[PDB]
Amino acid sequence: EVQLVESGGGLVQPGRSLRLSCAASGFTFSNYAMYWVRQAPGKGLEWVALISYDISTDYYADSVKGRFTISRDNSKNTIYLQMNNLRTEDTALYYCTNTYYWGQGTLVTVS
């Protein structure tokens, strides 16, 4: 079975730091691009970051350039999303995906 578990989410004061994780199982990890999508309560999905299956390149939304970092570890089938100088616009539910499977998100709140 395919499962995708996030963690790390929580509470932080504006401008603090928060590191997210996402562990995967049920497929060949070293075959898929993985990425983070966030949803502010009552609003639409917004694409956040993507990292390749080779700890290659990473891609960022202009909303998060220079603050967020996406990381990856193929020996643990895991992804990281480092968040720095967070802001009130970073309040959202943080989803981790390939494209086929999503995860039950994780909460990021800041105010």
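All residue numbers are counted from 1 along the displayed sequence.
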Where do the C-alpha atoms have the higher mean temperature factor in this entry, in 86-94 or in 21-29?
86-94
Mind checking which third residue 49 falls in for C-alpha B-factor across the chain?
lowest
In terms of its chain's C-alpha B-factors, the third that includes residue 72 is the lowest
Going by the recorded CA B-factors, say which third of the chain residue 61 sits in, lowest, middle or highest.
middle
Among the modelled residues of its chain, does the C-alpha B-factor of residue 40 lie in the lowest, middle or highest third?
highest
